[PDB]
file input-v3.json (JSON, N, CA and C atoms)
[["chain", "number", "residue", "atom", "x", "y", "z"],
["B", 1, "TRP", "N", 0.84, -1.20, 0.00],
["B", 1, "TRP", "CA", 0.00, 0.00, 0.00],
["B", 1, "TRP", "C", 0.87, 1.24, 0.00],
["B", 2, "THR", "N", 0.57, 2.16, -0.90],
["B", 2, "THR", "CA", 1.19, 3.48, -0.90],
["B", 2, "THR", "C", 0.04, 4.48, -0.89],
["B", 3, "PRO", "N", -0.04, 5.38, 0.09],
["B", 3, "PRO", "CA", -1.14, 6.35, 0.09],
["B", 3, "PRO", "C", -1.06, 7.22, -1.16],
["B", 4, "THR", "N", -2.23, 7.60, -1.67],
["B", 4, "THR", "CA", -2.27, 8.64, -2.69],
["B", 4, "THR", "C", -1.89, 9.99, -2.07],
["B", 5, "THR", "N", -1.58, 10.97, -2.93],
["B", 5, "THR", "CA", -1.22, 12.27, -2.38],
["B", 5, "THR", "C", -2.35, 12.83, -1.52],
["B", 6, "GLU", "N", -3.60, 12.64, -1.95],
["B", 6, "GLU", "CA", -4.70, 13.18, -1.16],
["B", 6, "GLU", "C", -4.85, 12.45, 0.17],
["B", 7, "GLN", "N", -4.63, 11.13, 0.18],
["B", 7, "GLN", "CA", -4.67, 10.40, 1.44],
["B", 7, "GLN", "C", -3.58, 10.89, 2.40],
["B", 8, "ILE", "N", -2.36, 11.11, 1.88],
["B", 8, "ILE", "CA", -1.28, 11.62, 2.72],
["B", 8, "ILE", "C", -1.66, 12.97, 3.31],
["B", 9, "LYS", "N", -2.21, 13.86, 2.49],
["B", 9, "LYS", "CA", -2.58, 15.17, 3.02],
["B", 9, "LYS", "C", -3.61, 15.06, 4.13],
["B", 10, "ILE", "N", -4.60, 14.18, 3.98],
["B", 10, "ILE", "CA", -5.58, 13.99, 5.05],
["B", 10, "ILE", "C", -4.92, 13.41, 6.31],
["B", 11, "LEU", "N", -4.06, 12.41, 6.15],
["B", 11, "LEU", "CA", -3.38, 11.81, 7.30],
["B", 11, "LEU", "C", -2.54, 12.86, 8.03],
["B", 12, "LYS", "N", -1.82, 13.73, 7.28],
["B", 12, "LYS", "CA", -1.04, 14.78, 7.93],
["B", 12, "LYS", "C", -1.94, 15.84, 8.59],
["B", 13, "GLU", "N", -3.10, 16.13, 8.03],
["B", 13, "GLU", "CA", -4.05, 17.00, 8.72],
["B", 13, "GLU", "C", -4.47, 16.40, 10.07],
["B", 14, "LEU", "N", -4.80, 15.11, 10.10],
["B", 14, "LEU", "CA", -5.17, 14.51, 11.38],
["B", 14, "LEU", "C", -3.99, 14.54, 12.35],
["B", 15, "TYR", "N", -2.78, 14.30, 11.83],
["B", 15, "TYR", "CA", -1.59, 14.21, 12.67],
["B", 15, "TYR", "C", -1.24, 15.57, 13.26],
["B", 16, "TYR", "N", -1.25, 16.63, 12.45],
["B", 16, "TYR", "CA", -0.80, 17.94, 12.90],
["B", 16, "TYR", "C", -1.92, 18.84, 13.38],
["B", 17, "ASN", "N", -3.14, 18.71, 12.86],
["B", 17, "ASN", "CA", -4.22, 19.56, 13.37],
["B", 17, "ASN", "C", -4.83, 18.96, 14.63],
["B", 18, "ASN", "N", -5.16, 17.67, 14.61],
["B", 18, "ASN", "CA", -5.80, 17.06, 15.77],
["B", 18, "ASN", "C", -4.79, 16.48, 16.72],
["B", 19, "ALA", "N", -3.51, 16.45, 16.34],
["B", 19, "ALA", "CA", -2.45, 15.93, 17.19],
["B", 19, "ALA", "C", -2.72, 14.47, 17.56],
["B", 20, "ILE", "N", -3.26, 13.72, 16.61],
["B", 20, "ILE", "CA", -3.47, 12.29, 16.82],
["B", 20, "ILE", "C", -2.14, 11.56, 16.68],
["B", 21, "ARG", "N", -1.85, 10.67, 17.62],
["B", 21, "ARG", "CA", -0.63, 9.88, 17.64],
["B", 21, "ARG", "C", -0.89, 8.39, 17.63],
["B", 22, "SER", "N", -1.99, 7.95, 18.24],
["B", 22, "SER", "CA", -2.23, 6.52, 18.46],
["B", 22, "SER", "C", -3.73, 6.34, 18.49],
["B", 23, "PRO", "N", -4.38, 6.39, 17.33],
["B", 23, "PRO", "CA", -5.83, 6.46, 17.30],
["B", 23, "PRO", "C", -6.48, 5.21, 17.87],
["B", 24, "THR", "N", -7.67, 5.39, 18.41],
["B", 24, "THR", "CA", -8.45, 4.24, 18.83],
["B", 24, "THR", "C", -8.91, 3.42, 17.63],
["B", 25, "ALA", "N", -9.36, 2.20, 17.90],
["B", 25, "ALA", "CA", -9.80, 1.36, 16.80],
["B", 25, "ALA", "C", -11.02, 1.95, 16.09],
["B", 26, "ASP", "N", -11.93, 2.56, 16.86],
["B", 26, "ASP", "CA", -13.08, 3.25, 16.26],
["B", 26, "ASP", "C", -12.62, 4.42, 15.40],
["B", 27, "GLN", "N", -11.63, 5.18, 15.88],
["B", 27, "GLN", "CA", -11.09, 6.26, 15.05],
["B", 27, "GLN", "C", -10.50, 5.70, 13.77],
["B", 28, "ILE", "N", -9.73, 4.62, 13.87],
["B", 28, "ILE", "CA", -9.16, 4.04, 12.65],
["B", 28, "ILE", "C", -10.26, 3.67, 11.65],
["B", 29, "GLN", "N", -11.38, 3.10, 12.12],
["B", 29, "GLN", "CA", -12.45, 2.78, 11.18],
["B", 29, "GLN", "C", -12.99, 4.03, 10.48],
["B", 30, "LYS", "N", -13.20, 5.11, 11.25],
["B", 30, "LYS", "CA", -13.74, 6.35, 10.67],
["B", 30, "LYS", "C", -12.73, 7.00, 9.72],
["B", 31, "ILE", "N", -11.45, 7.00, 10.10],
["B", 31, "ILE", "CA", -10.44, 7.58, 9.23],
["B", 31, "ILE", "C", -10.34, 6.79, 7.93],
["B", 32, "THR", "N", -10.35, 5.46, 8.03],
["B", 32, "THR", "CA", -10.26, 4.63, 6.85],
["B", 32, "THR", "C", -11.43, 4.91, 5.92],
["B", 33, "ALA", "N", -12.63, 5.11, 6.49],
["B", 33, "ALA", "CA", -13.80, 5.33, 5.64],
["B", 33, "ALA", "C", -13.64, 6.60, 4.83],
["B", 34, "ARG", "N", -13.10, 7.65, 5.45],
["B", 34, "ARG", "CA", -12.87, 8.88, 4.69],
["B", 34, "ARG", "C", -11.76, 8.70, 3.65],
["B", 35, "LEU", "N", -10.66, 8.03, 4.03],
["B", 35, "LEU", "CA", -9.55, 7.88, 3.09],
["B", 35, "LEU", "C", -9.95, 7.00, 1.91],
["B", 36, "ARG", "N", -10.91, 6.10, 2.11],
["B", 36, "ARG", "CA", -11.32, 5.23, 1.01],
["B", 36, "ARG", "C", -12.01, 6.01, -0.11],
["B", 37, "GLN", "N", -12.50, 7.21, 0.17],
["B", 37, "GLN", "CA", -13.05, 8.02, -0.91],
["B", 37, "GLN", "C", -11.98, 8.48, -1.90],
["B", 38, "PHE", "N", -10.69, 8.33, -1.57],
["B", 38, "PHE", "CA", -9.59, 8.75, -2.43],
["B", 38, "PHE", "C", -8.74, 7.59, -2.93],
["B", 39, "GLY", "N", -9.12, 6.37, -2.66],
["B", 39, "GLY", "CA", -8.39, 5.25, -3.22],
["B", 39, "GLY", "C", -8.38, 4.07, -2.27],
["B", 40, "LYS", "N", -7.67, 3.02, -2.70],
["B", 40, "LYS", "CA", -7.61, 1.80, -1.92],
["B", 40, "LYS", "C", -6.93, 2.05, -0.60],
["B", 41, "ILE", "N", -7.45, 1.41, 0.44],
["B", 41, "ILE", "CA", -6.89, 1.53, 1.78],
["B", 41, "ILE", "C", -7.61, 0.55, 2.69],
["B", 42, "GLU", "N", -6.91, 0.01, 3.67],
["B", 42, "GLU", "CA", -7.47, -0.88, 4.68],
["B", 42, "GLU", "C", -7.15, -0.29, 6.05],
["B", 43, "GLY", "N", -7.95, -0.62, 7.06],
["B", 43, "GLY", "CA", -7.72, -0.05, 8.38],
["B", 43, "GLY", "C", -6.31, -0.30, 8.93],
["B", 44, "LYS", "N", -5.73, -1.48, 8.66],
["B", 44, "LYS", "CA", -4.38, -1.71, 9.19],
["B", 44, "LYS", "C", -3.36, -0.75, 8.57],
["B", 45, "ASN", "N", -3.60, -0.27, 7.34],
["B", 45, "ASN", "CA", -2.71, 0.71, 6.72],
["B", 45, "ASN", "C", -2.67, 2.01, 7.54],
["B", 46, "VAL", "N", -3.84, 2.42, 8.06],
["B", 46, "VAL", "CA", -3.90, 3.62, 8.90],
["B", 46, "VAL", "C", -3.19, 3.37, 10.23],
["B", 47, "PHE", "N", -3.50, 2.23, 10.87],
["B", 47, "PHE", "CA", -2.81, 1.89, 12.10],
["B", 47, "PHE", "C", -1.28, 1.98, 11.94],
["B", 48, "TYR", "N", -0.74, 1.36, 10.87],
["B", 48, "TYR", "CA", 0.71, 1.33, 10.72],
["B", 48, "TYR", "C", 1.25, 2.68, 10.29],
["B", 49, "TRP", "N", 0.47, 3.50, 9.58],
["B", 49, "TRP", "CA", 0.95, 4.86, 9.24],
["B", 49, "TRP", "C", 1.25, 5.66, 10.50],
["B", 50, "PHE", "N", 0.32, 5.60, 11.48],
["B", 50, "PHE", "CA", 0.57, 6.29, 12.75],
["B", 50, "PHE", "C", 1.71, 5.62, 13.54],
["B", 51, "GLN", "N", 1.80, 4.29, 13.53],
["B", 51, "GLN", "CA", 2.93, 3.63, 14.20],
["B", 51, "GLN", "C", 4.27, 4.04, 13.60],
["B", 52, "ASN", "N", 4.35, 4.12, 12.27],
["B", 52, "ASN", "CA", 5.59, 4.51, 11.63],
["B", 52, "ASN", "C", 5.98, 5.93, 12.00],
["B", 53, "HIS", "N", 4.98, 6.81, 12.09],
["B", 53, "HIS", "CA", 5.30, 8.16, 12.54],
["B", 53, "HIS", "C", 5.79, 8.21, 13.98],
["B", 54, "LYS", "N", 5.32, 7.32, 14.86],
["B", 54, "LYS", "CA", 5.90, 7.33, 16.21],
["B", 54, "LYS", "C", 7.38, 7.02, 16.16],
["B", 55, "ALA", "N", 7.77, 6.09, 15.29],
["B", 55, "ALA", "CA", 9.20, 5.78, 15.18],
["B", 55, "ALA", "C", 9.98, 6.96, 14.62],
["B", 56, "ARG", "N", 9.37, 7.69, 13.70],
["B", 56, "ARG", "CA", 10.05, 8.85, 13.13],
["B", 56, "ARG", "C", 10.22, 9.95, 14.18],
["B", 57, "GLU", "N", 9.20, 10.17, 15.03],
["B", 57, "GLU", "CA", 9.35, 11.16, 16.10],
["B", 57, "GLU", "C", 10.49, 10.78, 17.05],
["B", 58, "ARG", "N", 10.64, 9.49, 17.34],
["B", 58, "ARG", "CA", 11.73, 9.09, 18.22],
["B", 58, "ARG", "C", 13.08, 9.38, 17.58],
["B", 59, "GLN", "N", 13.19, 9.16, 16.26],
["B", 59, "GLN", "CA", 14.45, 9.50, 15.58],
["B", 59, "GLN", "C", 14.73, 11.00, 15.65],
["B", 60, "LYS", "N", 13.69, 11.82, 15.46],
["B", 60, "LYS", "CA", 13.88, 13.28, 15.47],
["B", 60, "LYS", "C", 14.29, 13.79, 16.84],
["B", 61, "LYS", "N", 14.06, 13.01, 17.88],
["B", 61, "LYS", "CA", 14.44, 13.40, 19.24],
["B", 61, "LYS", "C", 15.80, 12.88, 19.67],
["B", 62, "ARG", "N", 16.53, 12.20, 18.81],
["B", 62, "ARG", "CA", 17.87, 11.79, 19.15],
["B", 62, "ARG", "C", 18.86, 12.92, 18.83],
["B", 63, "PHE", "N", 20.04, 12.85, 19.43],
["B", 63, "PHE", "CA", 21.02, 13.92, 19.24],
["B", 63, "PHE", "C", 21.28, 14.20, 17.77],
["B", 64, "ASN", "N", 21.53, 13.16, 16.98],
["B", 64, "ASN", "CA", 21.84, 13.38, 15.58],
["B", 64, "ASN", "C", 20.61, 13.37, 14.68],
["B", 65, "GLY", "N", 19.42, 13.63, 15.23],
["B", 65, "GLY", "CA", 18.18, 13.57, 14.47],
["B", 65, "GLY", "C", 17.68, 14.90, 13.91]]
call {"tool": "encode", "arguments": {"input": "input-v3.json", "output": "structure tokens"}}
result
Amino acid sequence: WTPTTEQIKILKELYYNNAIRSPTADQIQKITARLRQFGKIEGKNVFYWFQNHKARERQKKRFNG
């Protein structure tokens, strides 16, 4: 799975406007339903997108990050 550009923009809006980091399972279902209007996507793709960003935040907080 690779998000479409529009899906990425929506995911970043949720991440930076709502400050979502670890959505509930109900949130993942609702987010997936909206993202599906812009292309293929499954709920686990949303779960892992937020998980991958947690790892990226940890990298940005290291000395050489």
call {"tool": "atom_distance", "arguments": {"input": "input-v3.json", "atom1": "atom C of residue 43 of chain B", "atom2": "atom C of residue 57 of chain B"}}
result
21.7 Å
call {"tool": "atom_distance", "arguments": {"input": "input-v3.json", "atom1": "atom N of residue 53 of chain B", "atom2": "atom C of residue 21 of chain B"}}
result
8.2 Å
call {"tool": "closest_residue", "arguments": {"input": "input-v3.json", "among": "B:44, B:65, B:50, B:59", "to": "residue 22 of chain B", "atoms": "all atoms listed in the file"}}
result
B:50
call {"tool": "select_by_dssp", "arguments": {"input": "input-v3.json", "residues": "chain B", "states": "alpha helix (DSSP H)", "output": "number ranges by chain"}}
result
B: 5-17, 25-35, 43-60
call {"tool": "atom_distance", "arguments": {"input": "input-v3.json", "atom1": "atom C of residue 45 of chain B", "atom2": "atom CA of residue 1 of chain B"}}
result
8.2 Å
call {"tool": "closest_residue", "arguments": {"input": "input-v3.json", "among": "B:4, B:38, B:63, B:47", "to": "residue 24 of chain B", "atoms": "only C-alpha atoms"}}
result
B:47
call {"tool": "residues_near_point", "arguments": {"input": "input-v3.json", "point": "(-7.7, 6.9, 0.2)", "cutoff": "12 Å", "atoms": "only C-alpha atoms", "output": "PyMOL selection string"}}
result
chain B and resi 1-11+31-43+45-46
